[PDB]
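Structure data (mmCIF, C-alpha atoms and all ligand atoms) from entry-v4.cif:
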data_coords
#
loop_
_atom_site.group_PDB
_atom_site.id
_atom_site.type_symbol
_atom_site.label_atom_id
_atom_site.label_comp_id
_atom_site.auth_asym_id
_atom_site.auth_seq_id
_atom_site.Cartn_x
_atom_site.Cartn_y
_atom_site.Cartn_z
ATOM 1 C CA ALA A 1 -1.924 -25.889 -28.830
ATOM 2 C CA UNK A 2 -3.692 -23.948 -30.302
ATOM 3 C CA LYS A 3 -0.817 -19.968 -34.170
ATOM 4 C CA UNK A 4 -2.866 -21.783 -39.028
ATOM 5 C CA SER B 1 -22.929 -16.350 -56.962
ATOM 6 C CA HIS B 2 -20.395 -19.081 -56.063
ATOM 7 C CA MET B 3 -17.310 -17.663 -57.753
ATOM 8 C CA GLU B 4 -14.474 -20.046 -58.617
ATOM 9 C CA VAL B 5 -10.996 -19.092 -57.401
ATOM 10 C CA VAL B 6 -8.462 -17.210 -59.572
ATOM 11 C CA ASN B 7 -4.733 -18.061 -59.542
ATOM 12 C CA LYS B 8 -2.651 -14.863 -59.342
ATOM 13 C CA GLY B 9 0.677 -16.759 -59.403
ATOM 14 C CA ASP B 10 2.072 -16.639 -55.862
ATOM 15 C CA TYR B 11 -1.394 -17.041 -54.351
ATOM 16 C CA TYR B 12 -5.015 -17.829 -55.099
ATOM 17 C CA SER B 13 -7.699 -15.192 -54.515
ATOM 18 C CA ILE B 14 -11.470 -14.810 -54.781
ATOM 19 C CA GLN B 15 -13.366 -11.624 -55.632
ATOM 20 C CA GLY B 16 -15.332 -10.513 -52.571
ATOM 21 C CA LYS B 17 -18.242 -8.081 -52.374
ATOM 22 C CA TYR B 18 -15.935 -5.039 -52.016
ATOM 23 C CA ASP B 19 -12.347 -6.398 -52.169
ATOM 24 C CA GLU B 20 -10.114 -9.159 -53.521
ATOM 25 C CA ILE B 21 -9.917 -11.888 -50.855
ATOM 26 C CA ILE B 22 -6.644 -13.820 -50.764
ATOM 27 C CA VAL B 23 -7.140 -17.518 -49.987
ATOM 28 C CA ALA B 24 -4.611 -19.543 -47.983
ATOM 29 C CA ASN B 25 -5.400 -22.930 -46.399
ATOM 30 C CA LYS B 26 -4.614 -26.686 -46.545
ATOM 31 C CA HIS B 27 -6.258 -26.937 -49.984
ATOM 32 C CA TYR B 28 -4.858 -23.667 -51.400
ATOM 33 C CA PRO B 29 -1.098 -23.244 -50.786
ATOM 34 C CA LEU B 30 1.099 -20.172 -51.294
ATOM 35 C CA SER B 31 4.408 -20.113 -53.192
ATOM 36 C CA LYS B 32 7.739 -20.539 -51.383
ATOM 37 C CA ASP B 33 9.071 -17.068 -52.288
ATOM 38 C CA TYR B 34 5.907 -15.135 -51.290
ATOM 39 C CA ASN B 35 7.369 -12.739 -48.696
ATOM 40 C CA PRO B 36 5.011 -9.693 -48.651
ATOM 41 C CA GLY B 37 5.517 -8.608 -45.031
ATOM 42 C CA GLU B 38 2.533 -7.305 -43.057
ATOM 43 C CA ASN B 39 -0.364 -5.489 -44.754
ATOM 44 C CA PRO B 40 -0.223 -1.754 -43.859
ATOM 45 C CA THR B 41 -4.028 -1.281 -43.993
ATOM 46 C CA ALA B 42 -4.619 -4.329 -41.772
ATOM 47 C CA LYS B 43 -1.702 -3.238 -39.578
ATOM 48 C CA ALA B 44 -3.331 0.165 -39.005
ATOM 49 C CA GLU B 45 -6.656 -1.493 -38.083
ATOM 50 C CA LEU B 46 -5.156 -4.014 -35.644
ATOM 51 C CA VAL B 47 -3.343 -1.204 -33.778
ATOM 52 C CA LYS B 48 -6.700 0.576 -33.320
ATOM 53 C CA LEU B 49 -8.255 -2.697 -32.136
ATOM 54 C CA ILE B 50 -5.508 -3.466 -29.614
ATOM 55 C CA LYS B 51 -5.910 -0.020 -28.019
ATOM 56 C CA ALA B 52 -9.686 -0.530 -27.803
ATOM 57 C CA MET B 53 -9.085 -3.838 -25.997
ATOM 58 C CA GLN B 54 -6.436 -2.368 -23.677
ATOM 59 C CA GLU B 55 -8.545 0.702 -22.844
ATOM 60 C CA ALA B 56 -11.487 -1.669 -22.267
ATOM 61 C CA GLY B 57 -9.409 -3.227 -19.458
ATOM 62 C CA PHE B 58 -8.226 -6.496 -21.033
ATOM 63 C CA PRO B 59 -4.587 -7.548 -20.565
ATOM 64 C CA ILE B 60 -3.477 -7.434 -24.187
ATOM 65 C CA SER B 61 0.142 -6.977 -25.211
ATOM 66 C CA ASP B 62 1.544 -4.356 -27.586
ATOM 67 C CA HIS B 63 3.017 -7.101 -29.796
ATOM 68 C CA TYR B 64 1.492 -9.894 -31.827
ATOM 69 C CA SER B 65 2.215 -12.882 -34.051
ATOM 70 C CA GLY B 66 1.710 -11.113 -37.392
ATOM 71 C CA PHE B 67 3.650 -12.000 -40.548
ATOM 72 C CA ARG B 68 5.528 -15.313 -40.764
ATOM 73 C CA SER B 69 7.570 -16.275 -43.827
ATOM 74 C CA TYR B 70 7.925 -19.740 -45.355
ATOM 75 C CA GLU B 71 11.330 -20.091 -43.686
ATOM 76 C CA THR B 72 10.040 -19.101 -40.229
ATOM 77 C CA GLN B 73 7.109 -21.479 -40.790
ATOM 78 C CA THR B 74 9.416 -24.404 -41.612
ATOM 79 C CA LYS B 75 11.071 -24.098 -38.186
ATOM 80 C CA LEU B 76 7.800 -23.339 -36.372
ATOM 81 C CA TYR B 77 5.982 -26.384 -37.775
ATOM 82 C CA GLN B 78 8.652 -29.039 -37.043
ATOM 83 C CA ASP B 79 8.943 -27.836 -33.419
ATOM 84 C CA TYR B 80 5.204 -28.394 -32.859
ATOM 85 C CA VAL B 81 5.567 -31.792 -34.524
ATOM 86 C CA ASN B 82 8.336 -32.585 -32.025
ATOM 87 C CA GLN B 83 6.007 -31.479 -29.202
ATOM 88 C CA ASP B 84 2.838 -33.459 -30.046
ATOM 89 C CA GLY B 85 3.607 -35.549 -33.169
ATOM 90 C CA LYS B 86 2.189 -34.952 -36.647
ATOM 91 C CA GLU B 87 -1.512 -35.783 -36.331
ATOM 92 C CA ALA B 88 -1.957 -33.435 -33.353
ATOM 93 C CA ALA B 89 0.351 -30.723 -34.760
ATOM 94 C CA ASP B 90 -1.585 -30.630 -38.058
ATOM 95 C CA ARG B 91 -4.762 -29.708 -36.101
ATOM 96 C CA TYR B 92 -3.389 -26.298 -35.023
ATOM 97 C CA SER B 93 -0.270 -25.650 -37.117
ATOM 98 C CA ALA B 94 0.031 -25.303 -40.882
ATOM 99 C CA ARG B 95 2.801 -26.777 -42.989
ATOM 100 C CA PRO B 96 5.216 -24.363 -44.690
ATOM 101 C CA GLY B 97 3.359 -22.692 -47.578
ATOM 102 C CA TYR B 98 -0.149 -23.182 -46.143
ATOM 103 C CA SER B 99 -0.208 -20.601 -43.322
ATOM 104 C CA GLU B 100 -2.436 -17.532 -43.486
ATOM 105 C CA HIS B 101 0.312 -15.626 -41.624
ATOM 106 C CA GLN B 102 2.468 -15.746 -44.773
ATOM 107 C CA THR B 103 -0.067 -13.483 -46.528
ATOM 108 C CA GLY B 104 0.571 -10.577 -44.137
ATOM 109 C CA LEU B 105 -3.164 -10.433 -43.369
ATOM 110 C CA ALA B 106 -3.335 -12.640 -40.248
ATOM 111 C CA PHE B 107 -2.370 -11.684 -36.690
ATOM 112 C CA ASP B 108 -2.533 -13.503 -33.322
ATOM 113 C CA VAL B 109 -3.448 -11.281 -30.374
ATOM 114 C CA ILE B 110 -1.364 -12.009 -27.243
ATOM 115 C CA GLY B 111 -2.979 -11.891 -23.788
ATOM 116 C CA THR B 112 -0.046 -12.205 -21.325
ATOM 117 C CA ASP B 113 -2.694 -13.919 -19.161
ATOM 118 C CA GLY B 114 -4.125 -15.512 -17.197
ATOM 119 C CA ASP B 115 -7.377 -15.250 -15.269
ATOM 120 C CA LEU B 116 -9.249 -17.625 -17.667
ATOM 121 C CA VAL B 117 -12.482 -15.704 -17.000
ATOM 122 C CA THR B 118 -10.573 -12.704 -18.441
ATOM 123 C CA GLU B 119 -9.418 -14.734 -21.459
ATOM 124 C CA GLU B 120 -12.899 -15.919 -22.476
ATOM 125 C CA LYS B 121 -14.303 -12.419 -21.940
ATOM 126 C CA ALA B 122 -11.545 -11.201 -24.287
ATOM 127 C CA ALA B 123 -12.279 -14.007 -26.776
ATOM 128 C CA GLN B 124 -15.963 -13.009 -26.875
ATOM 129 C CA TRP B 125 -15.057 -9.337 -27.286
ATOM 130 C CA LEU B 126 -13.306 -10.250 -30.542
ATOM 131 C CA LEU B 127 -16.341 -12.154 -31.841
ATOM 132 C CA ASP B 128 -18.557 -9.148 -31.021
ATOM 133 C CA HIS B 129 -16.295 -6.304 -32.235
ATOM 134 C CA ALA B 130 -13.538 -7.649 -34.558
ATOM 135 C CA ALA B 131 -15.656 -6.905 -37.657
ATOM 136 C CA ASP B 132 -15.699 -3.208 -36.710
ATOM 137 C CA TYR B 133 -11.982 -3.147 -37.672
ATOM 138 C CA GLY B 134 -12.283 -5.381 -40.768
ATOM 139 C CA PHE B 135 -11.140 -8.535 -38.946
ATOM 140 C CA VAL B 136 -12.770 -11.944 -38.450
ATOM 141 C CA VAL B 137 -12.035 -14.881 -36.149
ATOM 142 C CA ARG B 138 -10.933 -17.392 -38.787
ATOM 143 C CA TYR B 139 -11.056 -20.738 -36.964
ATOM 144 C CA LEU B 140 -14.482 -20.787 -35.325
ATOM 145 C CA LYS B 141 -15.973 -23.282 -32.879
ATOM 146 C CA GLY B 142 -17.160 -26.498 -34.545
ATOM 147 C CA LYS B 143 -15.758 -25.607 -37.986
ATOM 148 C CA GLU B 144 -12.588 -27.754 -38.004
ATOM 149 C CA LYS B 145 -13.775 -29.972 -40.887
ATOM 150 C CA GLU B 146 -14.346 -26.923 -43.096
ATOM 151 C CA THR B 147 -11.317 -24.771 -42.174
ATOM 152 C CA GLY B 148 -8.971 -27.689 -41.447
ATOM 153 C CA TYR B 149 -7.945 -26.432 -37.999
ATOM 154 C CA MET B 150 -9.395 -26.584 -34.487
ATOM 155 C CA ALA B 151 -10.940 -23.501 -32.885
ATOM 156 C CA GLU B 152 -8.605 -20.566 -32.177
ATOM 157 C CA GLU B 153 -9.860 -17.436 -30.394
ATOM 158 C CA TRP B 154 -6.931 -15.089 -31.084
ATOM 159 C CA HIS B 155 -6.162 -15.633 -34.792
ATOM 160 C CA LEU B 156 -7.731 -12.736 -36.709
ATOM 161 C CA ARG B 157 -7.937 -12.441 -40.510
ATOM 162 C CA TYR B 158 -8.286 -9.042 -42.177
ATOM 163 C CA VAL B 159 -11.034 -9.133 -44.821
ATOM 164 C CA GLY B 160 -12.106 -5.486 -44.617
ATOM 165 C CA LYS B 161 -15.598 -4.104 -45.165
ATOM 166 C CA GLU B 162 -17.320 -7.501 -45.532
ATOM 167 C CA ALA B 163 -16.179 -8.652 -42.046
ATOM 168 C CA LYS B 164 -19.570 -7.664 -40.555
ATOM 169 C CA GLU B 165 -21.605 -9.717 -43.041
ATOM 170 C CA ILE B 166 -19.324 -12.752 -42.642
ATOM 171 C CA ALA B 167 -19.570 -12.629 -38.840
ATOM 172 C CA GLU B 168 -23.376 -12.365 -38.912
ATOM 173 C CA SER B 169 -23.585 -15.546 -41.018
ATOM 174 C CA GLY B 170 -21.639 -17.537 -38.419
ATOM 175 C CA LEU B 171 -19.825 -19.251 -41.291
ATOM 176 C CA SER B 172 -16.198 -19.919 -42.155
ATOM 177 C CA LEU B 173 -14.727 -18.116 -45.176
ATOM 178 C CA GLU B 174 -14.782 -21.508 -46.926
ATOM 179 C CA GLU B 175 -18.561 -21.798 -46.380
ATOM 180 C CA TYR B 176 -19.371 -18.100 -46.880
ATOM 181 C CA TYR B 177 -17.388 -17.599 -50.090
ATOM 182 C CA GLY B 178 -17.876 -21.233 -51.121
ATOM 183 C CA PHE B 179 -14.279 -22.256 -51.852
ATOM 184 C CA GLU B 180 -12.643 -25.550 -50.842
ATOM 185 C CA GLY B 181 -11.188 -26.257 -47.402
ATOM 186 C CA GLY B 182 -10.634 -29.494 -45.500
ATOM 187 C CA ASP B 183 -7.354 -31.425 -45.442
ATOM 188 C CA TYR B 184 -4.185 -31.568 -47.603
ATOM 189 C CA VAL B 185 -3.849 -33.168 -51.082
HETATM 190 MG MG MG C 201 9.394 -14.211 -40.368
HETATM 191 ZN ZN ZN C 202 -2.577 -17.304 -36.226
HETATM 192 ZN ZN ZN C 203 -16.333 -23.986 -57.299
HETATM 193 ZN ZN ZN C 204 6.681 -16.170 -56.553
#

For the file at hand, write its structure as structure tokens.
Ligand SMILES: [Mg+2]
Ligand SMILES: [Zn+2]
Ligand SMILES: [Zn+2]
Ligand SMILES: [Zn+2]
Amino acid sequence: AXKX
Amino acid sequence: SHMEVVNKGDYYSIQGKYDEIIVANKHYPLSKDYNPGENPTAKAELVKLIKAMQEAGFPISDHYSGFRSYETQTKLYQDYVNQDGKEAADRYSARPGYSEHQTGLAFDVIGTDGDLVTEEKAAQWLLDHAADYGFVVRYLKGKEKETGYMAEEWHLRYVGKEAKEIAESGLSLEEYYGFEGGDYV
């Protein structure tokens, strides 16, 4: 992770 | 100065200094049918930016995570939930109808990777020069309570001419424009  | 937000139907928006600023976050959702595609002005600016980064020497790909529809989002979200659960997924992945990518104004730069030193150099480059092309790094460091999401170096949001002023403040769009952020419901 991390796209919101 | 604090302007209250205006519902346009499919989306909410706030009147910026030079342009209408569409608002999409955990507090302000978009409609299910809203399927605009990518913004051609923002598209033309990102292309210029990517070439500047590539010619600067950074490994940056010719493709990007640009527009994502509600439907795409529905399948993207649940996969991240599968991966890390729901509390951890919500920190970096929006539910269907809350993602800035659905607006056509948000794009994730891809690095292909991965020297780490090269990544953070690239991440700083964006902070220093993304405003030049009307973009801003949306999810800044230590702004997760305001924006709703943890820090993300590659997610750029096209705001246009006011990008320079917003970057110099060091604020989130929620703080700068003074509209609500935070969590759902
Ligand atoms: Mg799609
Ligand atoms: Zn993104
Ligand atoms: Zn208000
Ligand atoms: Zn609609």

Pull out every residue that the PyMOL selection byres (((chain A and resi 2) around 9) and not hetatm) matches in the shown coordinates and put them as a short mmCIF file (atom, residue, chain, number, x, y, z; two decimals) with C-alpha atoms, keeping the file's coordinate frame.
data_model
loop_
_atom_site.label_atom_id
_atom_site.label_comp_id
_atom_site.auth_asym_id
_atom_site.auth_seq_id
_atom_site.Cartn_x
_atom_site.Cartn_y
_atom_site.Cartn_z
CA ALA A 1 -1.92 -25.89 -28.83
CA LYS A 3 -0.82 -19.97 -34.17
CA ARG B 91 -4.76 -29.71 -36.10
CA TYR B 92 -3.39 -26.30 -35.02
CA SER B 93 -0.27 -25.65 -37.12
CA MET B 150 -9.40 -26.58 -34.49
CA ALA B 151 -10.94 -23.50 -32.88
CA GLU B 152 -8.60 -20.57 -32.18
CA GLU B 153 -9.86 -17.44 -30.39
#

Identify all residues satisfying the PyMOL selection byres (((chain A and resi 4) around 8) and not hetatm) in the given file; provide them as a list in words.
residues 3 of chain A; 25, 92, 93, 94, 98, 99, 100, 101 and 149 of chain B

Within-9 Å residues of ligand ZN 204 (chain C), basis all atoms listed in the file, as a ChimeraX atom specification:
/B:9-11,30-35

Please measure the separation of CA of residue 43 (chain B) and CA of residue 20 (chain B), giving the value in Å to one decimal.
17.3 Å

If we count only C-alpha atoms, what is near region 46-57 of chain B at a cut-off of 10 Å, once residues fewer than 3 positions away on the same chain are taken out, given as a PyMOL selection string?
chain B and resi 40-43+60-64+106-107+109-110+118+122+125-126+129-130+132-135+156+158

Could you give me, as CSV, a per-residue list for chain B showing, wherever an atom lies at most 12 Å from an atom of ligand ZN 203 (chain C), the closest pair of atoms and their distance in Å to one decimal, using all atoms listed in the file and sorting by chain then residue number from low to high?
residue,atom,partner,partner_atom,distance
B:1,CA,C:ZN203,ZN,10.1
B:2,CA,C:ZN203,ZN,6.5
B:3,CA,C:ZN203,ZN,6.4
B:4,CA,C:ZN203,ZN,4.6
B:5,CA,C:ZN203,ZN,7.2
B:6,CA,C:ZN203,ZN,10.6
B:14,CA,C:ZN203,ZN,10.7
B:174,CA,C:ZN203,ZN,10.8
B:175,CA,C:ZN203,ZN,11.4
B:177,CA,C:ZN203,ZN,9.7
B:178,CA,C:ZN203,ZN,6.9
B:179,CA,C:ZN203,ZN,6.1
B:180,CA,C:ZN203,ZN,7.6
B:181,CA,C:ZN203,ZN,11.4

Kindly indicate which residue among B:24, B:89, B:96, B:15 lies nearest to ligand MG 201 (chain C), using all atoms listed in the file for the distances.
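Under the stated criterion, the closest residue is B:96.
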
As a check of understanding, name the residues that the PyMOL selection byres (((not hetatm)) within 10 of (chain C and resi 201)) selects in the supplied structure, as a PyMOL selection string.
chain B and resi 35+37+65-73+101-102

I'd like the contact shell of residue 140 (chain B) - 12 Å cut-off, only C-alpha atoms, skipping same-chain residues fewer than 3 positions apart - returned as number ranges by chain.
B: 123-124, 126-127, 136-137, 143-157, 166-167, 169-175

With only C-alpha atoms and all ligand atoms as the basis for distance, which of B:108, B:119, B:162, B:168 is at the shortest distance from ligand ZN 202 (chain C)?
B:108

Nearest residue to ligand ZN 202 (chain C) from the set B:78, B:7, B:112, B:103 (distances using all atoms listed in the file):
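The shortest atom-to-atom distance to ligand ZN 202 (chain C) comes from B:103.
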
Which is closer to chain A than all the others in B:26, B:164, B:8, B:86, using all atoms listed in the file?
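The shortest atom-to-atom distance to chain A comes from B:26.
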